[PDB]
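The chain that follows stands alone, in the form deposited without 1-(2-ethoxyphenyl)piperazine (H04), written as structure tokens.
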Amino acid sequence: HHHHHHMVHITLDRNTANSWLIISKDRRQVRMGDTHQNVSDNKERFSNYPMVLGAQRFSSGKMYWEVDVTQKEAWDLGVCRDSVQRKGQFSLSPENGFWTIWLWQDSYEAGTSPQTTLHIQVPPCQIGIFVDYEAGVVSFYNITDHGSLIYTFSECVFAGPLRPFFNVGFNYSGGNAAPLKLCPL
């Protein structure tokens, strides 16, 4: 892929974070805390899952960013509508406003409904995410494997501004404490 030149600087929006997340001073890293992080509740926060949005909103053009997932057992990454549901239980699907992939129990899957098995030969340590708003495309790239394609959502119906989307996952096992990190340009 030759998408690197649409690189955008993403930062995390603290106000949207689940109340157990810890976001670094530079707003470029997030991890699961071992308790409530002593913040007030608000209508933006994801209540049920360890999710957070990027601050940036995109309604046109081409955008690219990279995320470090080193040594995590579980995570979701992609984009979502600015208007997605924050409270209660929901599935990651395009019908609900999400264009995502994930790692869960040693399998990588795309968030179609129902979900799609991904065929990854080299477990990724960094993921590239490309959005073409006008074309209706979200693509995922394996930066560890020379940028190989992971998955393309095409014919996307965004139906609103898009935000970068992250889920650090639960840490029931004690093996998933590591952060998601936004990688330097």
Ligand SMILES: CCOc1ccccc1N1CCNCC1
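Residue numbers run from 1 along the displayed sequence.
As for the form solved in complex with 1-(2-ethoxyphenyl)piperazine (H04), it is not shown, yet the points below apply to it.
Colleague: Spell out, yes or no, whether the shortest heavy atom distance between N18 and 1-(2-ethoxyphenyl)piperazine (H04) in the deposited bound form is within 4.5 Å.
Modeller: The answer is yes: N18 has a heavy atom within 4.5 Å of 1-(2-ethoxyphenyl)piperazine (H04).
Colleague: Can any non-hydrogen atom of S148 be found within 4.5 angstroms of 1-(2-ethoxyphenyl)piperazine (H04) in the deposited bound form?
Modeller: The answer is no: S148 has no heavy atom within 4.5 Å of 1-(2-ethoxyphenyl)piperazine (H04).
Colleague: Verify the contact flag for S47: yes if a non-hydrogen atom of it lies within 4.5 Å of a non-hydrogen atom of 1-(2-ethoxyphenyl)piperazine (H04) in the deposited bound form, no if not.
Modeller: Flag for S47 set to yes.
Colleague: Hey, in the deposited bound form, does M32 get a heavy atom within 4.5 angstroms of 1-(2-ethoxyphenyl)piperazine (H04)?
Modeller: Contact check for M32: yes, within 4.5 Å of 1-(2-ethoxyphenyl)piperazine (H04) in the deposited bound form.
Colleague: Could you run down 151-177 and flag each residue that has a heavy atom within 4.5 Å of 1-(2-ethoxyphenyl)piperazine (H04) in the deposited bound form?
Modeller: In sequence order, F170, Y172 come within 4.5 Å of the partner.
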